[PDB]
Each structure stands twice: as structure tokens, then as C-alpha cells.
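First comes the structure, then the notes that go with it.
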Amino acid sequence: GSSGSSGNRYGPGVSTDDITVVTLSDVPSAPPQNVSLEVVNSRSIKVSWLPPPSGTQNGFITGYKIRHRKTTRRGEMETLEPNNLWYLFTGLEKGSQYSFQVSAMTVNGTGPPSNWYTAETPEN
């Protein structure tokens, strides 16, 4: 700490300021509940589920997203049913494996999915 310094010569210095995304979202911050699987028949399966708690979801749940997967080359399929909180998939095969997933949907958009629950059909 003393008085003794010598300024330096001129120097360059870039400058810029871009705009960042500051949009607000009303999407949920938690997966659905009561997400289980139950094989009714060899080529039939009923998937049930329920909406999130009255604390995470902001918008009044409008519907739900459903995505099933098949044990074969890429070729999934998305589907949603606002009617009820259950979807029965019929037309599957035997000794196969299928997976599903439920996602809460709000007035804003689709919420985060839950664990990938898998289910196998009864050989007989």
C-alpha cells in the first residue's frame, strides 16, 4: 500500500450483449401417481394412472400423454386420451414385452414422464 504507479498504453476490448430466454413456464415439477401395469390378457393390457398433487401442478390438468414401446426396431407410438385416466391396448403378441409411461399435462404443456414401467404377457 503505497503511492507509486505508472499507467499503461491504450488497449483493445471487445463488447457485446445478447438477449437470453426469460420466458415463464407453468409446467409441472413432478411425475404422475398410481402408475402401475396389469396384464388382463395375452393381447390386452390396461394402463391406469392419476394426476399430480394439488401443489406441484399449476394449471388445471387437461389431459395425459401416453407413450408405449415395443421390443422391436425403432417405431414407438404416442397417444393421449382426455376421456379417462386409463387406456387399454389390444392387439399385442404372445411372449412379448411392452413398456408404457404416463405424463401429466397442464394448460401450459406436457409434464415430466415417470419411470419406464415394463410388463410381460402371459405365454398362455
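Residue names in the C-alpha cells use chain letters A, B, ... in the order shown, residue numbers from 1 in each chain, and ligand numbers from 1 in the order shown.
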Expected answer as a ChimeraX atom specification: strand (DSSP E or B) residues in segment 25-123 of chain A: /A:33,37-41,44-48,50,63-70,77-80,86-90,97-100,102-105,110,117-120
Those selected residues, please, written with C-alpha atoms and delivered as a compact mmCIF listing (two decimals), in the first residue's frame.
# COMPACT_ATOMS: atom_id res chain seq x y z
CA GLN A 33 -49.20 -41.09 -9.31
CA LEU A 37 -49.39 -52.08 -15.02
CA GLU A 38 -51.82 -55.01 -15.14
CA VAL A 39 -51.92 -57.66 -17.87
CA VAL A 40 -55.54 -58.70 -18.44
CA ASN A 41 -54.98 -60.93 -21.48
CA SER A 44 -54.70 -56.94 -23.97
CA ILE A 45 -53.37 -54.64 -21.25
CA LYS A 46 -54.99 -51.90 -19.17
CA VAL A 47 -52.87 -48.94 -18.06
CA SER A 48 -54.09 -46.77 -15.19
CA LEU A 50 -53.67 -40.39 -11.73
CA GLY A 63 -55.26 -34.42 -20.17
CA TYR A 64 -52.48 -37.01 -20.09
CA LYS A 65 -49.82 -38.26 -22.50
CA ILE A 66 -49.15 -41.95 -23.12
CA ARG A 67 -46.14 -43.46 -24.87
CA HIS A 68 -45.83 -47.21 -25.42
CA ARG A 69 -42.74 -49.06 -26.63
CA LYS A 70 -42.31 -52.41 -28.38
CA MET A 77 -46.10 -44.50 -30.93
CA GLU A 78 -47.54 -41.64 -28.87
CA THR A 79 -51.19 -41.33 -27.85
CA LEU A 80 -53.38 -39.46 -25.37
CA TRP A 86 -56.96 -45.36 -18.44
CA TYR A 87 -56.08 -46.82 -21.84
CA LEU A 88 -56.47 -50.46 -22.88
CA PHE A 89 -54.12 -51.62 -25.63
CA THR A 90 -55.35 -54.67 -27.54
CA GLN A 97 -42.55 -57.26 -23.81
CA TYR A 98 -44.17 -53.83 -23.83
CA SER A 99 -43.47 -50.65 -21.86
CA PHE A 100 -45.59 -47.59 -21.10
CA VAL A 102 -47.72 -41.56 -18.11
CA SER A 103 -47.14 -37.80 -18.16
CA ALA A 104 -49.21 -35.05 -16.55
CA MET A 105 -50.49 -32.42 -18.97
CA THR A 110 -46.66 -31.61 -21.13
CA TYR A 117 -42.70 -49.48 -16.25
CA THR A 118 -42.43 -52.71 -18.24
CA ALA A 119 -44.91 -55.59 -18.44
CA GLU A 120 -44.83 -59.06 -19.99
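Minimum atom-to-atom distance to residue 51 of chain A, evaluated using only C-alpha atoms, belongs to A:34 out of A:108, A:34, A:6, A:124.
Residue nearest residue 83 of chain A within the list A:11, A:21, A:62, A:42: A:62 [criterion: smallest interatomic distance, only C-alpha atoms].
Going from atom CA of residue 59 of chain A to atom CA of residue 22 of chain A covers 19.7 Å.
What separates atom CA of residue 84 of chain A from atom CA of residue 96 of chain A is a distance of 26.6 Å.
Rounded to one decimal, atom CA of residue 109 of chain A and atom CA of residue 61 of chain A lie 9.8 Å from each other.
Proximity of A:95, A:55, A:32, A:4 to residue 112 of chain A, computed with only C-alpha atoms, is greatest for A:32.
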